[PDB]
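Heads up: the structure comes next, in structure tokens.
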Amino acid sequence: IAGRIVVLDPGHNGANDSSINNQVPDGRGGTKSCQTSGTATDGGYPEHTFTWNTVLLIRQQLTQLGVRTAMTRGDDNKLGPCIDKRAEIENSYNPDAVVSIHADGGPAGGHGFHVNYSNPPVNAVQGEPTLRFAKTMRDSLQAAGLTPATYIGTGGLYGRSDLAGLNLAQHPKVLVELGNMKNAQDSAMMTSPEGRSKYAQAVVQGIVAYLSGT
Ligand SMILES: C[C@H](N)C(=O)N[C@H](CCC(=O)O)C(N)=O
Ligand SMILES: [Zn+2]
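Just so it is clear: in the sequence shown, position 191 is 390 by this note's numbering, and no numbers are missing.
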């Protein structure tokens, strides 16, 4: 584990302007918006702040394990990089694994996590190395006591073709939607410092299990 390289992507920006509506190539024949604002709890806790703070806790834990780390943005209050640039930044580190952190907006009764991965793969590394990452992450999150999303995906997994950050990956990568910000239970956990710590520890368990060959 020590000496491996992991890049962490806290989804969305600290702030936005109309540049986020410019279209960028999506890695699968199309284009999509440079960025989106992301969602928020009904209490007003923004997705971009949840992902930022959770990624900071993941980074701190990985560094203590001897893992070399980088992030795709440096703050939670200004314009951040477009989704295609974030994939380029991740790729430039030649990482062993990449984890993108998001939180979702779904029906209010729906809760739990889902692990998004590229499907069908557009290159070799998006095949078995990435599907294994997705399954291992899902297993680790569930073994940590988190609930697979009750409202989307299949047992906490979601293979998809529409995400530029996944299509553009040159290294094993998953995008973890940790929960539904519009749900009472997930909102409480996301808004809780110790809830963010528990999310972060479970993600780290998934990273360790994947890099260890579990
Ligand atoms: C994952 C989320 N539902 C989403 O669509 N995010 C969106 C697109 C990310 C991508 O295509 O890589 C975003 N701008 O963060
Ligand atoms: Zn998001």
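The beta-carbon is built from N, C-alpha and C at its ideal position, and this holds for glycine as well.
Spatial distance of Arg395 from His301 (CA atoms): Position 196 of the sequence shown, counting from 1, holds the residue named residue 395. Position 102 of the sequence shown, counting from 1, holds the residue named residue 301. In a straight line, the C-alpha of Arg395 is about 12 Å away from that of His301.
Inter-residue Cα distance where the pair is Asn215 and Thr230: The residue labelled residue 215 in the question sits at position 16 within the sequence shown. The residue labelled residue 230 in the question sits at position 31 within the sequence shown. Roughly 19 Å between the two C-alpha positions.
Segment contact flag, the region 243-259 with the region 379-392, C-beta cutoff 8 Å, min 3 pairs: yes
Opening and closing residue of the beta strand (DSSP E) in which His301 lies: Residue 301 sits at position 102 when you count from the first residue of the sequence shown. Run containing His301: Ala296 to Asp303, per the beta strand (DSSP E) assignment.
Complete runs of the beta strand (DSSP E) confined to the region 298-371 [at least 3 residues]: 313-317 and 356-359
Cut-off 8 Å between Cβ atoms - residues of its own chain near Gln222, not counting five sequence neighbours on either side: For this step, residue 222 is matched to residue 23 along the sequence shown. So the list reads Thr230, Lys231, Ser232 and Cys233, once near-sequence residues are dropped.
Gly273 versus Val254: straight-line alpha-carbon distance, rounded: Counted from its first residue, the sequence shown places residue 273 at position 74. Counted from its first residue, the sequence shown places residue 254 at position 55. Spanning the two alpha carbons is a distance of roughly 11 Å.
Helix, strand or coil at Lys277 according to DSSP, with G and I counted as helix: Position 78 of the sequence shown holds residue 277. In this structure, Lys277 counts as coil in the three-state DSSP scheme.
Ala214, DSSP secondary structure in three states: As a working mapping, residue 214 is identified with position 15 in the sequence shown. Coil at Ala214, not helix or strand.
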